[PDB]
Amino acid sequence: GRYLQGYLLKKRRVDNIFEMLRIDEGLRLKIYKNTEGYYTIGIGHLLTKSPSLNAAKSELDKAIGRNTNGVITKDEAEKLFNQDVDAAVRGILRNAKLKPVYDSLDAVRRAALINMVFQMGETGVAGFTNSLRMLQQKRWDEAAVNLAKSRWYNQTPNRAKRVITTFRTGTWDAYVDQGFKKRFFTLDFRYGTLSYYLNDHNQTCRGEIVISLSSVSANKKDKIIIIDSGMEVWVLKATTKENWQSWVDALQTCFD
């Protein structure tokens, strides 16, 4: 018995605007027609409006320094994301209604505002005048109840509640239970390397951490196990207490 193996849920810690919008908006790698039928990609990145897939592929090809072919990488989507964030921030700072509030907010709540911009557009966010005033005055709890008095809150409830919670607390707590995906893990007892795969079968190794060089933190109540390699952090979640204990004991062997 050289390998401890089995399924576990995995996610990346949501503690920055990219991971947040990745959860809330979504990150697509293949060119997809957005809601208005215009070729889009990554995290709400508008390519153009021409019904020519070749045009979009080229505007996308001019976007990234290569011939994507209607498909991009996650690292690429991020690059388009960072550009869109800068455009969003500048738009906000040039909008007389949003600048004041944005100047008064902290980094985390600022990401929450941008999140709203991505979803409903700058002018749409400027329509929450009463909530904006409250956030500017730092009346967190009151801003939260008002932000909820809107179509947004009723149409996209879950996303809305997460953004509002972020405005209320100034923390990333609304996203702790978000971003989990089922993956198959393999721990090699002989050399101490932990690898994961898309599933039971597939051969392609999607990631790997040398346990003996990482920090392993675990929480039984949440059935969470956090593995920090220094340059990468995996947040894993077991399906039961037995399953959870089996992995924690196995990873603990790398330190006795």
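Counting begins at 1, following the sequence as shown.
Novice: On mean Cα temperature factor in this entry, is 64-72 or 211-219 the higher one?
Specialist: Averaging CA B-factors over each stretch, the winner is 64-72.
Novice: Pick between 226-234 and 28-36: the one whose mean CA B-factor in the entry is higher.
Specialist: Per the deposited B-factors, the answer is 28-36.
Novice: Specify which of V125, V145, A77, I114 carries the largest Cα B factor in the deposited PDB entry.
Specialist: Among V125, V145, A77, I114, the PDB entry lists the largest C-alpha B-factor for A77.
Novice: From the list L53, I43, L187, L198, select the residue with the highest C-alpha B factor recorded in the entry.
Specialist: Result of the comparison over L53, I43, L187, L198: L53.
Novice: Lowest, middle or highest third of the chain for the C-alpha temperature factor of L8?
Specialist: CA B-factor rank for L8: lowest third.
Novice: Give the position of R139 by CA B-factor within its chain, expressed as the lowest, middle or highest third.
Specialist: Answer is middle: the recorded C-alpha B-factor places it there.
Novice: Compare the C-alpha B factor of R183 with those of the other modelled residues in its chain, then answer lowest, middle or highest third.
Specialist: For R183, the deposited C-alpha B-factor lands in the lowest third.
Novice: Taking the C-alpha B-factors as the PDB entry records them, is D15 in the lowest, middle or highest third of its chain?
Specialist: Ranked within chain, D15 CA B lands in the middle tercile.
Novice: So where's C205 on the chain's Cα temperature factor ranking, which third?
Specialist: Middle third by C-alpha B-factor.
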